Every structure is written in C-alpha cells, then in structure tokens.
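Take a look at this single chain in structure tokens; it is the form deposited in one PDB entry.
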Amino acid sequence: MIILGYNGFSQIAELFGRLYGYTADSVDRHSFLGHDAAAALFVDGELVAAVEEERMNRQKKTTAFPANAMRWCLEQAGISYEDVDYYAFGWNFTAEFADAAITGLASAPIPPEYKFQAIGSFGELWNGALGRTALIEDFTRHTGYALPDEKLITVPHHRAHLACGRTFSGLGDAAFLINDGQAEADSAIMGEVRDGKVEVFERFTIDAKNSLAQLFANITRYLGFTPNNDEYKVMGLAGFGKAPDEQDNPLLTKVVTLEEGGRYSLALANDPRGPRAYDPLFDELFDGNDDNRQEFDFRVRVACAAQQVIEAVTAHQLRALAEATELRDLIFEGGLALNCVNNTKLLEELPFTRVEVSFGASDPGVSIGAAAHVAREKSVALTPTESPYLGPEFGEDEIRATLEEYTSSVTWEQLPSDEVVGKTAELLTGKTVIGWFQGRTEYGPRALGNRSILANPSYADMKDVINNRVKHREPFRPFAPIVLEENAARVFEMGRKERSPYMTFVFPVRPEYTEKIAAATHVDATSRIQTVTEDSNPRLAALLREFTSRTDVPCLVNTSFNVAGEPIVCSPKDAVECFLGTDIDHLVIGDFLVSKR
C-alpha cells in the first residue's frame, strides 16, 4: 500500500574521508556512493512526494541520511514512520556480496601484508555503512522509529535505476540498458521488460572493475575537474572538437576492447593502484605533462576521444540487445544517461525507435525506483506519472513571511497570476536575468522551470551576461532552452522524438531559428531542450507563449537557480539568499515580482 524509498549513509563521508582519503575538499568528494541521498513515497501505486536531502541540507550531492526528505515525504501525506508499510533502499549489499569482497581482496596479486588495511576498512564500511544491521541502526537513530527488519527491502541499484525508468517511460514492454558507475558488483546490465516482468540477460552483464562510467570519471579528474560530479565539461569540450577516427582513438585501442556478444573490458581493470592507475596511461596515450593537461586544445582532444568511447561502447551494447529482442522501445538509466549528447545518437543511429531517459536516470532516482521495484512485486497497480515537480511547494503567506525578513534588502508587489506572467515577459523583453520560483521542487540534477533562472536567448551577449550576473561562469557548460512542445518540431531537428520535457536529450537547431535562440545552443548547433505544455508546467507555458508573442522568440533559457557548488534552491529563503548574493535583476517567487533596493 505505502512504500518509502531512500538513499543515504550518515557515516560513509567520514568513513571514505578517513579510510580512503576522499575528504569533502578532495576532487574525489563525490566519488563514493550514497551521493544524491533522497526520500520518495508511493501510496497505493502513486508517487505522492520526492525530495533530495541536498535541496534541504543545502550540501550538493549529499551522502547524508535523508532525515529532512523523509520527514517532508511523510508530512506531505499526513502519515508517520509506523503507517509506512515498507522501506526500500536501492542498494542490495547482501552478506554474500561482502564475502566475495573479503574473499576477493584476499586474492590480491599485490598483497602488501596490508590486505588487512583493505579487509579492515571494508569491514568498517560494512559495520557502519553497507550492512543490513548498519541500515536499521542508521535509520532508527535518525528517524526515532525503529525499522523492523521485516519492513526493510534492499533493492539492487540497477533494478532501481530501471524501476525509476519504468515509472516515467510511458512504455509497457521494453528493452533496458543500465550503465551506472558505483554499483554493487555489476557496472552495467541489459535485458527486457515483457508483460510487466523484468528479465536480465546475464550474458551482457559487465563487472564493476570494467566501469565505462569510471573511465569517463577518471577523464573528468585527469583534466582538472571532479571525477563523479562534473563530466558535463568533457561532453561540453567534446563539442569544440572533431571526433577522431575510431582506429586512431587511443582509448578504443589500448584502454577499451570491444569483445563479441555486446561485451567489453578495460586495460588496468585489475591494476591494484586503483582508478588512479590510469592517470599515468592517459599521459602516454595523449602526451600529457603537468603543463599541458589542463589546457583547452588538449582537454578538447581527451574529451573528443572520451566522448566517442561512450557512444562507441553503448552502441556496441545496444546493437547486441537489438539482436536479442524484437522490442524497439528502450529504457536507458544509470550515470552514463547523463550524457544527453550520446542519448540522442543512440536514438537516431540505432534500431530502437524510442529511447527514454528520466530526470532520475541519475542516482537520486534509485530512491524513487527502490519504492517502485517494491510496489510492483506487491501487485500494487502503478498509476502512470510523468511529473518531476515532486518536492516542497510554498504558499502566499510563507513567501510574504520570508519577504518581511528581507524588507531592508528588497521591495516587492504581489500580483494576479495572469499579470505575474505578463510582467516577467516584458522584463524578458529587455536583457533581464530573472529567477523563477513556482510549483513543487523539480527532482534530479537539471532544473525544469520551477527553480530556474530565465533569460532571453536572442541577445548576442546573453551567454556572458547570464554568466556575469549568475556568478557561476562555467566556460564549457552550454545553456539550454525551454520551448512549447507545439514549436519544438519547427525550432529543432527533433528526429524520432515528439517531446523532451526532462533535458535528458540534445537536438540540433534548425538554421532558421539559430540566431534567435543562440544563447540556448552549443557550438554544436545543439541544444539540451525542455519541451513545455499547459499540462507539464501551466505557468511556464503561460510565460513562454506571452514572451514569444512580445519578442517573436520561441525559447527562453532555463538555467539552474543556485550559486556555484550550491545545490538547486529549495525554499523561498534559499531563493532570496541566492538573488541577493548574485546580480540577477529580479526574482519572481510565487505571485510576488521581487526587486532589489
């Protein structure tokens, strides 16, 4: 009936910091699991609430116990921990897993007599992190409710990455690819969903030590970025480069071997030096010294090479899946489905007629999926849902409440909805960088027009002007446009898609609209679009239509409403504090058109 899915390990931060040197200030801060801790609630096979702890605790990609998200999810339903029939995790760390780990660490070709240091820390992880006893402890201590062992279901990560996909795909029968990084033991799985049943083809499975995702993570670090937070800069860089031939791609020759049966392996996948083992190889393959490694022309080259291996491998994978099922509807989920550029290639160059990637293709989504995996096994008939607007909402008074605490800092005017829209439109007529706070808090990495900074993409300078006022200049991060679905066909080369409401896909820009929307476009002539309707986001649809009618411009820019390193603003306070620590020209929060003094 009622199921709560969650991700989080209160101690993994300090555990990974201490045992494995992954401190909160390291470039590896985001490169241990439990990142994107969140809670999610199904009631009678309906998703009624979901928020990520990072939106609440204000710590980007948090690994914390999802205390704030759980309470909020239960309060949204006027229910309590006891009422919750079941609790789903989205990590299946079974006793049998640890053994193969303790066992495997024992068979280490590089025993330093410090296989103990290894086995010892993996035990400190197991007894305070991955263990069922450790979960029931952590839950009980943070909730106050004492998690009965009978209520806890630990769901394999991928079966949750997928269960998420399945909740949003709108599909029925379908093939699935899960390519994620951090996982239990498998890095990538494939199979199908036929007559509502999941069957995994074991023959296509890939171990955790041949992680294509990790390879991309190690490229993101090598080039001077964060390995498991900012890979978008490589995808971004890749757009300034011409892809090399797959023969001359040093990553497809010496690192990545395409084995028969849609399989693949990585060199140095057993090297004991860990993931850092590859750093020295890229140096050889790419002629890297300490001076050249973070220079643009070099980065563009590693990024180009890296971008292709993902497209090459995943293609190799799904062309095998194609010959393994007649189903031509795909579910793609896992880290690697954050590569919106590849996602559109898989759709257009491979025999699958529908590739579907959710806002929770990422890990935050295992929290939702955990619950959906449980819900289905229980004959709980799942209500189809397509909305990412799943998190906290704020009322007139709550906003007026917070806007009294900042009267010394900002003036405002509460308006009718039909005119909050109209005024913002005339502002977006000029070069305004505005903040849009509306509806419930979008789930997942990308903002979808409830916590967004809007701006007009027709101003020649606009890319620099947004970067200058939003204080978050990202040299390699392209901006993305919102467009009414009814205009997407005419504005973009949409190929085999009618709509893309989750910016999980990237489309080329028809050269009749390329000047009008150029700030929402990459050097690729590409754009990470968001299709909008009166059904998806009524107020964002109202806004778009009016701004177009005044400007004859079919798209606005939708960029995440945050400061650098900060997660997406969750609350009115969150929004106002961002507004005032930036040079955003106005905030529209609810029915208040806020101005600075």
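Basically, rigid core = biggest C-alpha set you can superpose within 1.5 Å across the two forms. Sequential numbering from 1, following the sequence displayed.
Comparing 94-102 with 486-494, the higher mean C-alpha B-factor in the PDB entry belongs to 94-102. Of the two segments, 513-521 and 140-148, the one listed with the higher mean B-factor is 140-148 (C-alpha atoms only).
Within the listed group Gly239, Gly191, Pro501, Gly123, the record reports its top CA B-factor for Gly123. Ranking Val302, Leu266, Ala480, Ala370 by Cα temperature factor from the entry places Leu266 first. Placement of the Cα temperature factor of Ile2 within the chain: highest third of the modelled residues, per the deposited record. Per-chain ranking of the deposited C-alpha B factor places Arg451 in the lowest third. The deposited CA B-factor of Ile12 belongs to the highest third of values across its chain. In the deposited entry, the Cα temperature factor of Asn228 sits in the bottom third of values across the chain's modelled residues. When the modelled residues of the chain are ordered by C-alpha B-factor, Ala315 sits in the lowest third.
Here the subject shifts to the form deposited in another entry, a form of this protein not shown in this document.
Just one residue from the list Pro351, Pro148, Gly395, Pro111 crosses the 2 Å line for C-alpha shift between this form and the one not shown on a rigid core fit, and it is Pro111. Superposed on the core, the two forms barely differ at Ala425: its CA moves less than 2 Å between this form and the one not shown. Core-superposed comparison between this form and the one not shown: the C-alpha position of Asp99 differs by no less than 2 Å.
Once the cores line up, the CA of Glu474 ends up 2 angstroms or more apart between this form and the one not shown. Relative to this form, the distance between the C-alpha atoms of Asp271 and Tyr114 is reduced by at least 3 angstroms in the other entry.
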